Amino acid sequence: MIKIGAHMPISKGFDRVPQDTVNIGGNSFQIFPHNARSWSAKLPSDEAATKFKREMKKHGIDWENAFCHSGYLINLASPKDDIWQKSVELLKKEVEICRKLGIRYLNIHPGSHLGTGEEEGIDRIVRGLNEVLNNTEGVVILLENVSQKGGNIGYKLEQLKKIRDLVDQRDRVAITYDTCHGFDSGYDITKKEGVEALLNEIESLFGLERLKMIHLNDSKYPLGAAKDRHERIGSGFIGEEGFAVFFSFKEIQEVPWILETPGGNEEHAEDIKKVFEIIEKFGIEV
C-alpha cells in the first residue's frame, strides 16, 4: 500500500498529530521532537506521551511510518567545539524524547563543516554519532541527503555511507532520501534510468532496507541547481511526470513518503490528493 504523510505541527500537542494525519488523508508522519529556542529541550511529560500513544493506537498509525526530525541548531560537523558538544547533548535528549514518545526514528542532516573540510567534518559527525548512540538505546538515527550549499555534507549518497561505515552502531544508522535535495544534487528521478541508478546506489551503499523514509518534495529549481527550495507536488521541476516515474517503482512504494512541501496541514492534504491523482492519471500500479 502507499504510505504517505507530511511533517506535522506539534504546537497544539503531540497527541493531536495522529488525528491530524488521517484528516489530511495520510497514514504516516514526521514531527519535531520539541520547539526549543536553544540547546536545551524539555521531555514530553508522562501524560503527554501517554496521550500520544493512545491516539496512535486509536488511529492505527504504523510505528514504522512515524518519524522525528531534529532541529536546525544541531551540527555534528561544526568546527566549533562548544557547538559540537551542545549539538551532541541536544541530540541525545532528542533520542530520549523519541524513546518517551515511542518514536523509532530520528532524522538529521549530517552537518556542515563551514569551510573547514569535508573529511574532517565527516569524522566529527561520526564521533558525534558515536557519543549519542553509545549513550542511548533503540532509536535509529536517519541520515538525510541534502543540497550542496556552503559546507553541507551529504549531497552525495557516497558521503552518508562514509559516515555510516565508521559508526560503532551501524544498525542504528539508516537513510532518508529527500527528492528535492537529491534533485539539487543531480539525482534525476524524472527518468526511469535515474531512479534505477538511485536504487542501485542505495542498494550498493547501504542496502535497500536502510532506506527508512522518503522526503517527498518537488523543487523550485532545475536538476543540479543546489538551491534547496521546496515546491508543492506537481508544481516544480520534478513535476507530475517526474513523480509518476518515481512512483512506479515498487522499491519506492515500499517506503513512506513524507511531505515537506510549503504550507501546513491544508496544503499538504492537497499534495496528498495530488499524489493519488498523479497515480491514477498515469496508471501507476498499484
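The numbering used is simple: start at 1 and walk along the sequence shown.
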| property | result |
| --- | --- |
| Mean Cα B-factor comparison, 177-185 or 112-120, giving the higher one as deposited | 112-120 |
| Segment of higher mean CA temperature factor, 275-283 or 1-9 | 275-283 |
| Top residue by Cα temperature factor, when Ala36, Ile258, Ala226, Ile238 are compared in the entry | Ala36 |
| Identity of residue with top Cα B-factor, from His69, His59, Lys53, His230 | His59 |
| CA B-factor placement of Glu94, once the chain's modelled residues are sorted into thirds | lowest |
| Among modelled residues of the same chain, the CA temperature factor third for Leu43 | highest |
| Record-listed C-alpha B factor of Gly207: chain third | middle |
| Lowest, middle or highest third - CA B-factor, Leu133 | middle |
| Ranked against its chain, the third holding the CA B-factor of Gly154 | lowest |
